[PDB]
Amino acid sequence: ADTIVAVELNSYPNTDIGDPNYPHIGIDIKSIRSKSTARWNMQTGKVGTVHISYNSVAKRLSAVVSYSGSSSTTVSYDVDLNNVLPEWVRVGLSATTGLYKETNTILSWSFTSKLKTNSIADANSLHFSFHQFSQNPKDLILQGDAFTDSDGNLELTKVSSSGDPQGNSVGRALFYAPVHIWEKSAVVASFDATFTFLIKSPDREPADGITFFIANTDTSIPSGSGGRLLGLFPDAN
């Protein structure tokens, strides 16, 4: 199956599969069961920013979520991605709704990767930035119900004319060019990513969440991966 490494912004607690009993941010390595988490003081109707970093020398993946004038929540996890992921991967963002729903609107997204070596000349580098989404992204791979709306916003899950989110939606958006995340002869490998989002919800318990994820080049939406599984995994093992 697909090899996932993800940073999830889980807004709906599904304690039956391991979630903390509150909206949280967590680092997933190959399973929906976060190897580490932190409570996310989720504020709906407000735009949020997620910054994600990793460096093969520090072996530490970390993330943070902040709102304007609101403290940030942080989470980390020591891991050596060279043991988890294959050389060539493909990044993307995902989201879902189940019984309950929220808008999984991505307002911006950037990503940078380096494959350093002997000199100040990263043998490889890749960078992309979006401060607005095109009506027809020729450089995105939209999966499921994802789509860019009239305002140049990326909508990972179904939303209607009025702007009301729909339940039971799944959607992903992968960048088009596969990234070479590590090479045997590499000295350092880095990558940073940022994305902005707006989650608004009608029901008192919003669900389910958005994630930023790295995966094998051919990652496609798993069957039965909806709702609580955030379109990343088939089961909850």
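The first residue of the shown sequence is 1; numbering continues from there.
For the pair 214-222 and 5-13, the mean B factor over Cα atoms is greater in 214-222.
If you average the C-alpha B-factors over 196-204 and over 45-53, the higher value belongs to 196-204. Comparing the listed residues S62, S36, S68, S31, the entry records the largest Cα B-factor for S68.
In the PDB entry, the Cα temperature factor peaks, among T117, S108, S94, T74, at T117. When the modelled residues of the chain are ordered by C-alpha B-factor, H131 sits in the middle third. Split the chain's modelled residues into thirds by C-alpha temperature factor. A123 is in the highest one. When the modelled residues of the chain are ordered by C-alpha B-factor, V79 sits in the lowest third.
Among all modelled residues in this chain, the alpha-carbon of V170 has a temperature factor (C-alpha) in the highest third. Per-chain ranking of the deposited C-alpha B factor places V89 in the middle third.
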